[PDB]
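Reviewing the structure listed below.
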There are 2 protein chains.
Amino acid sequence: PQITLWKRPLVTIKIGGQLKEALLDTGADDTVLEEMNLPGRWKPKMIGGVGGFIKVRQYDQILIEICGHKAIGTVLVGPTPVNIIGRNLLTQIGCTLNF
Amino acid sequence: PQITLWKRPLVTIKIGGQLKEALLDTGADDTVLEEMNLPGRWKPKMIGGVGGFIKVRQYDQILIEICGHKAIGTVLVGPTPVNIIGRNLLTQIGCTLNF
Ligand SMILES: CCC(CC)CN(C[C@@H](O)[C@H](Cc1ccccc1)NC(=O)O[C@H]1CO[C@H]2OCC[C@H]21)S(=O)(=O)c1ccc(N)cc1
């Protein structure tokens, strides 16, 4: 679809069998979701931005459905202020900015 | 133009005669630029990032030119590591997310 930006570009995602809302965040290198239990081994990592860093659990090669489009990639889980879909998955679903 | 997300969506912007590199960021409610000494009055504000909040100065009705389109509105200024064009100005230039 084509999404305007008068409101936050929030979409429904499906990960680990759960439905959630996530923000399409072109300013995010990576995808960071709120605390949740996902199958498989995870590695401790830290990611930073405005304000500093937070500790996250890195899950690799995770299936995630974003607004009906499938992606398989790295998902970071931790105390993020909002669920954000970053460029690592936006690229997989063919997302671009246009004006 | 069409901006793919393989790399950070950085573009040249023009503000008050100066050229800067800035992120086209659908995850940012409001435009925020790196520290700069603007004239005029402002309102204190706090913005929430991945690592917590920082304090910024809010300026109103600031003109920024983005790839031939002129946008005017709220421009925050603070100790950010990158210049960010947020939704408040992206909407004015007709910017959409497409996949
Ligand atoms: C809605 C919550 C997000 C944080 C999640 C808000 N951010 C915009 C976001 O695009 C930010 C913009 C940003 C880009 C680069 C450095 C600092 C901030 N990117 C970001 O934090 O991404 C992190 C996750 O992937 C990694 O790649 C970038 C940092 C990591 S922000 O920078 O803190 C921001 C908050 C409020 C306004 N008005 C303008 C910007």
Side-chain angles (χ1 to χ4, degrees), chain A residues 3 5-6 8-11 13 20-33 35 44-54 56-60 62 64 66 71 73-92 95 97, chain B residues 3 5-6 8-11 13 15 20-36 42 44-54 56-60 62 64 66 71 73-92 95 97:
Chain A
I3 300 167
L5 299 168
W6 311 98
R8 289 193 176 203
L10 293 158
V11 300
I13 67 173
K20 300 184 180 254
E21 288 299 288
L23 178 76
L24 303 180
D25 186 355
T26 61
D29 296 347
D30 313 306
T31 296
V32 193
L33 304 183
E35 179 55 64
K45 295 281 184 188
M46 304 215 58
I47 52 92
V50 169
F53 284 70
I54 60 169
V56 295
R57 283 155 36 150
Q58 177 175 316
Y59 292 89
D60 292 328
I62 295 295
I64 177 161
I66 300 158
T74 303
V75 176
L76 312 175
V77 172
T80 180
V82 192
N83 294 334
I84 58 176
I85 308 305
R87 288 186 302 98
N88 69 311
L89 305 182
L90 296 176
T91 57
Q92 289 198 21
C95 189
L97 286 159
Chain B
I3 299 170
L5 298 169
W6 299 113
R8 292 192 170 182
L10 293 159
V11 303
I13 64 167
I15 176 172
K20 299 171 173 280
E21 292 307 288
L23 215 64
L24 302 188
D25 188 356
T26 61
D29 296 336
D30 287 301
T31 294
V32 58
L33 299 185
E34 287 162 14
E35 192 69 55
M36 61 182 301
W42 46 272
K45 189 174 173 67
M46 285 181 79
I47 59 173
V50 75
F53 288 83
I54 63 171
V56 301
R57 308 186 312 272
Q58 177 183 325
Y59 295 86
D60 293 349
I62 302 300
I64 297 178
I66 304 168
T74 302
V75 171
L76 314 175
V77 178
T80 53
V82 311
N83 296 307
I84 291 172
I85 304 302
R87 295 189 294 103
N88 73 307
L89 302 186
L90 297 177
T91 59
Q92 294 183 20
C95 190
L97 282 162

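Atoms within a ligand are numbered from 1 in the order they appear, just like the ligands themselves. What's counted below: heavy atoms across the whole structure, side chains too, no hydrogens, waters or symmetry copies. Each chain gets a letter, A, B and so on, in the order the sequences are listed, and its residues count up from 1.
Using 4.0 Å as the threshold, A/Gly48 has a heavy atom nearer than that to some atom of ligand 1. At least one heavy atom of B/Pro81 sits closer than 4.0 Å to an atom of ligand 1.
Here the heavy atom of the protein found nearest to atom 32 (O) of ligand 1 is A/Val50 CG2, 3.4 Å. If you check which protein heavy atom lies closest to atom 8 (C) of ligand 1, you get B/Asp25 OD2, 3.2 Å. In terms of protein heavy-atom proximity, atom 33 (O) of ligand 1 is nearest to B/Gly49 CA, 3.1 Å. Looking at atom 40 (C) of ligand 1, its nearest protein heavy atom turns out to be B/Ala28 CB, 3.6 Å.
When every heavy atom of B/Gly49 is checked against every heavy atom of A/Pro81, the shortest pair comes out as O-CG, 3.5 Å. Closest non-hydrogen pair, A/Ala71 versus A/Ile66, comes out as CB-CD1, 4.5 Å. Counting all heavy atoms, side chain and backbone alike, A/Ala28 lies closest to A/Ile84 at CB-CD1, 4.0 Å.
A donor-acceptor pair is defined here as one N or O able to donate and one able to accept, closer than 3.5 Å; such a pair exists between the side chain of A/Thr26 and the backbone of B/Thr26. A donor-acceptor pair under 3.5 Å links the side-chain atoms of B/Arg87 to the main chain of A/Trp6, judged by distance alone. In this structure, the side chain of A/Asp30 does not engage the main chain of A/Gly86 through any donor-acceptor pair within 3.5 Å. With B/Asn88 contributing its side chain and B/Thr31 its backbone, the two residues share a donor-acceptor pair below 3.5 Å.
For B/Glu34, there are no side chain to side chain donor-acceptor pair (under 3.5 Å) partners at least two apart in sequence or on another chain.
The heavy atom nearest to atom 34 (C) of ligand 1, out of those in A/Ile84, B/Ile47, B/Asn88, A/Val82, is found in B/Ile47.
At a heavy-atom cutoff of 4.0 Å, ligand 1 is contacted by both the backbone and the side chain of A/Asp29. Contacts between B/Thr80 and ligand 1, counted as non-hydrogen atom pairs separated by less than 4.0 Å, are absent for every part of the residue. When non-hydrogen atoms are compared, ligand 1 lies under 4.0 Å from the backbone of B/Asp30 as well as from its side chain.
Looking at A/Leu33 and A/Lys20, their side chains never come closer than 4.5 Å, going by heavy atoms from C-beta outward.
For ligand 1, the atoms sitting less than 4.0 Å from at least one non-hydrogen atom of A/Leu23 are 1 (C), numbered in the order shown with element in parentheses. Here is the list of ligand 1 atoms found below 4.0 Å of a heavy atom in B/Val32: 39 (C), 40 (C). Shown in contact with B/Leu76 at under 4.0 Å from a heavy atom are these atoms of ligand 1, numbered in order with element: 38 (N). Those atoms of ligand 1 that come under 4.0 Å of a heavy atom in A/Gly27, given as number and element, are 10 (O), 11 (C), 12 (C), 13 (C), 14 (C), 19 (N), 20 (C), 22 (O), 28 (C).
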